[PDB]
Amino acid sequence: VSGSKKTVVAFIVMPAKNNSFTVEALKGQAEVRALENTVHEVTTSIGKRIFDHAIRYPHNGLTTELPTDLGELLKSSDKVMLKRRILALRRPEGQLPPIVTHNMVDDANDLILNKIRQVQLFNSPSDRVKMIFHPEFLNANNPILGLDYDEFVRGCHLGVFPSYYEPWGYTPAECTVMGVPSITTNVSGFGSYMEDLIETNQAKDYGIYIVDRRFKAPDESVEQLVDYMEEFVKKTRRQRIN
Amino acid sequence: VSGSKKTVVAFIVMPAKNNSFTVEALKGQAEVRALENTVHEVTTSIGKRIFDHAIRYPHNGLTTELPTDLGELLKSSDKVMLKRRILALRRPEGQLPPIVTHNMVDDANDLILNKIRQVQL
Amino acid sequence: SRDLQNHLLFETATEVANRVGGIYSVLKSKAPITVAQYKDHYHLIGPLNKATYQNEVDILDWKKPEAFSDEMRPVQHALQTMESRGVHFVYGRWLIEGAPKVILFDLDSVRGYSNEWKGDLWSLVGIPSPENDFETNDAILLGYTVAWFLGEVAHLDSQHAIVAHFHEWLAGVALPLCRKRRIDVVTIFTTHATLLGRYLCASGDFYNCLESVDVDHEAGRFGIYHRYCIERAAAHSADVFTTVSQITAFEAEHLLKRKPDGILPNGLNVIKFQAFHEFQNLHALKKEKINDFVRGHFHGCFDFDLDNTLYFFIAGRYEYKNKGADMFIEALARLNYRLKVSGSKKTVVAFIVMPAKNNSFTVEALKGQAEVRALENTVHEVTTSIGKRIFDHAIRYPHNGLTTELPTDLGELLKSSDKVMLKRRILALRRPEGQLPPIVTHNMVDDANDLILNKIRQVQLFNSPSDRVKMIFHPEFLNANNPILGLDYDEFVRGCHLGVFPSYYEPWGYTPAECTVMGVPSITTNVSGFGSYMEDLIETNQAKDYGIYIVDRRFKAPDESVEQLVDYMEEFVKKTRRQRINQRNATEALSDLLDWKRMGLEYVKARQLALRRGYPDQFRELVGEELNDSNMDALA
Ligand SMILES: O=P(O)(O)OC[C@H]1O[C@H](O)[C@H](O)[C@@H](O)[C@@H]1O
């Protein structure tokens, strides 16, 4: 509606019964890896040609210090293999980026997947919010996202933990310890603790967003959660860093 | 006379009393080494730009699989950088590549150097 | 009746398009901030440097009616006036950020009027002009060709008030005129030094015995009387008189007999990073480049830890006394003794970067750096070999009698062939028995007579293993094109830990200022314009927390000043990494006060002090009242 230029990629990391990664997940990462390797070979070739030109100038008809035409640097064999690499990344007509990285044991009955389907976030180009369900604990040893949980957290921008029952928020706290802002609720122990510890409306400045799930009807709650997220999305890199 | 385009570089490797390598010999090699290093940096940048193009085609208005304009790949800071390494390789006008790599103890009376000077290679 | 609100501004100086001295850099870096305010109401005036201006200027066609706005026509008709009278000039825009409009006058096509003007000047103001002084000649030329132009503009324009700012005596000639001719323009004069000031300090006290000098005698004494007269004249004629620092505002009052109305400190176009901590990452990267040089320089004698090593430097024109190279070296010799006495484990490598006559880098310098490069390459080869053997073990475990997951014996990874070549690399780094790391990186044209080198030898800093302070003289400007320390100057500063600039005569500390903006702590002095500016802003003890160490050279005796310099250095050496990191953050935050976005407000106060002195009435009417006009500070 606001015609924002931002994009949110949202991760759900909760273990569910699964038959491991999809061939598609592993296949896609391998194909991106192959494009990078091919690009490395091409830049090596481009390198020698820039170097020769530079070391030879201004002799043998070289009127400019540097190559000016791409054709001098990028040859046909280079183009051919780059395009084969690009073709391998092409997906079937009308096929969209999956919302899940694993083969579920019981895909049709899964609560998380059913919800995503119901709200209809299928990762289409016009969708400003992307959805990724990774139904397994993170670990540096896994073939698609080789990060331990703490590393993953550090790399993200925002933790969102809208808990209904949660005596203590280990997760938002751990999130906090690593300088990652997060969203919590006033019915979680962490939220209630921070509600008290920090002046009322200062928490947001410290990256602690607290949703009222105690004295608000569910719809009010959701709209406040959205208010928070939308506010964060508005931030500059500078604001995010501070 | 034969219009041949080949070049012969001839090496004379015979020990003579010397005061080690000239500053020129060492400096030239370092200057080339620096050009090489900068080229590596630039091509790393270029690779990033080629990769990005390759991974996002054909979205965001990319009509071709590959970049076609060198300007999409080579930035102005890249050029300033490279042009500087080129300027450092420039010899004082009129100066030719030396016929010897070392400072000689008795340069004026060296048999080999005097021979080269006489036939004017 | 002219508008004090929508007015014009003209800035005149010799350096308006030709890089002569610090003023070029001041006017250039100020462009963006002033062009943002005046838009097209602002112009720079200077002599046309025919040899260079073509690379500096975007020569434009001032003839078009489209080359000016309607309310700016006056300038176009005043330029036409000059064009009728046969005066050649160049119009266009500086090829810098902000693209200020520039008016360069070809003094050639005016030189005929010389004899006439020279005489007129000598009789209207009392300013002689020996024929051989080409500088004062071109000064008078410019001065008249400017007052000429200004007078016409005041004539052709009736709406805008007119402000005429002049920088340095070489552009002050037009000031006594305007005062006489009674032209309708408010004028400001800024001096970035004083003539008497330099010359008195060019020998060997001053900051004490100067309140009582005879100005007119020393002028003649130095053969600078006529030049001095233009400085004084310019200083007295103008509505508002200013200098660049308080320390210079002192010498200006006693040597030009007029207490300046205020200070116009020099700002910088400080480029800021999106991420505040970025300058910190840059420091770390740049320091590894210095590290690499150091390993080469100390090859065969590398007995200290670079993780526990600090880099000090001094840089600037080669002015042994005036920049305090002598204090710097004497202090380092005393620092060395203190560090050895106290059993410190830290090492200080000190760089002196001052251009001197040389025959380029030594063979030893180039040789050493090559032999280190060769070792690096050999190590790289050996490790890819080790990698393949670690990899094999790993992917093969637990088969084929492999009982451990990882190799446990070095012999499994490092083979005989690898050992042989690594050892040959080590052998090549060895230096002749009893040879020490040089104290200079270049072959000097005149080694025996060099002041820096004599001083280093006198205090005996020869880079012995037992010396906790190392000395490196690099008698050439830093450039990233250089073979051994391939860093541009700004990169080198970022990589260092502490700048040390014990200056004596320094109207403005360009160097310490740059150094601060790079987020690097520095030692300056109270007689430095930058130092005097800083000690009026932060209490001299609080200052140190912000990485600003101010040595007293006005009130302490020289040996006292030296001991204080040593004190500061030693205090800095004792800091931890965490304290060094925090200090840098602090000095980097200071940098915002050095930016034109703040310093530029002073240029604002000066222009309004002149608009309130020029038309005290239209200013009592536009403000509602009259405010104090004894200072730039009184009016605000
Ligand atoms: O050069 P020093 O004062 O020891 O500072 C070293 C520190 O520099 C920067 O802060 C880097 O980001 C740190 O990784 C580094 O440890």
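Chain A is the first sequence line, chain B the second, and so forth, proteins listed ahead of strands; every chain is numbered from 1. Start at 1 and go down the list; that is how both ligands and their atoms are numbered. Heavy atoms only: backbone and side chains are in, while hydrogens, waters and symmetry mates are out.
Legend: residues meeting side chain to side chain donor-acceptor pair (under 3.5 Å) with C:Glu371, ordered by chain and number and at least two apart, are absent.
Here C:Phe501 and C:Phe313 bring their ring centres to under 6.0 angstrom of each other. Aromatic rings from C:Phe304 and C:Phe302 are positioned such that their centres are separated by under 6.0 Å.
For ligand 1, the atoms closer than 4.0 angstrom to any heavy atom of C:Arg580 are 2 (P), 3 (O), 4 (O). Shown in contact with C:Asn281 at under 4.0 Å from a heavy atom are these atoms of ligand 1, numbered in order with element: 12 (O). Counting atoms of ligand 1 from 1 in the listed order, those under 4.0 Å from a heavy atom of C:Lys287 are 1 (O), 2 (P), 4 (O). Residue C:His497 has at least one heavy-atom neighbour below 4.0 Å for each of these atoms of ligand 1: 1 (O), 2 (P), 3 (O).
Between C:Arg598 and C:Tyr533, the shortest heavy-atom distance links the atoms NH1-OH, 2.8 Å. Scanning all heavy atoms of the two residues, the minimum distance from C:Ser464 to C:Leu436 falls at OG-CD1, 3.9 Å.
Once rounded to the nearest 0.5 Å, the distance linking CG of C:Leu429 with NE2 of C:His299 reads 6.0 Å. Atoms OH and CG, on C:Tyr320 and C:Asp326 in that order, are 5.0 Å from each other to the nearest 0.5 Å.
In C:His277, neither the side chain nor the backbone holds a heavy atom less than 4.0 Å from any atom of ligand 1.
For atom 14 (O) of ligand 1, the nearest protein heavy atom is 4.0 Å or more away.
When hydrogens are left out, the protein atom nearest atom 6 (C) of ligand 1 is C:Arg577 NE, 3.5 Å; that is the closest non-hydrogen contact. Of the protein's non-hydrogen atoms, C:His283 NE2, 2.6 Å is the one closest to atom 1 (O) of ligand 1.
In this structure, C:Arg584 is part of the shell of residues with a heavy atom less than 4.0 angstrom from ligand 1.
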